[PDB]
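Next up: a single chain in structure tokens, the form deposited in one PDB entry.
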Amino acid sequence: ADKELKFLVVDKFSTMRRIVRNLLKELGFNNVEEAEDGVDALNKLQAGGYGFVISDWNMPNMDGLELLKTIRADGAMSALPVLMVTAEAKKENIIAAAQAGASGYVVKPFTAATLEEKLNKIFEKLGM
């Protein structure tokens, strides 16, 4: 994995998006773009060039599982790594996500060492 890999940070709170963007930067990942919901996110993904999507399970209009499914079915973007972000892990959320295609899942709040570890685990699983 390449430091110029372009991220899409999707979250309903601007503060949460600022926090993730800070953590990516601290890791050497500076090409980050943000979205506020699932729908907003497809709008930009559509533009192309994205490399990884980091998204919130619960967002209005188009949620985490809904956005992921949309990624997975689209010819172009179907392979994009998708990290799911949630406040509380539930077994069935984790299954739904895994089964629909999520590359990983992280419970928030998290530190940079923890995000680094999730990135490293997806990058190795993906043989990236």
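Counting begins at 1, following the sequence as shown.
Missing here is the form deposited with a partner chain bound; even so, the following discussion is about that form.
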Could you tell me if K118 has a non-hydrogen atom within 4.5 Å of the partner chain in the deposited bound form?
-> yes
Distance check, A47 to the partner chain in the deposited bound form, heavy atom within 4.5 Å = no
Does at least one non-hydrogen atom of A76 fall within 4.5 angstroms of the partner chain in the deposited bound form?
-> no
Considering only heavy atoms, tell me if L27 and the partner chain come within 4.5 Å of each other in the deposited bound form.
-> no
Quick one: from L80, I94, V39, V32, grab the residue that has a heavy atom within 4.5 Å of the partner chain in the deposited bound form.
-> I94
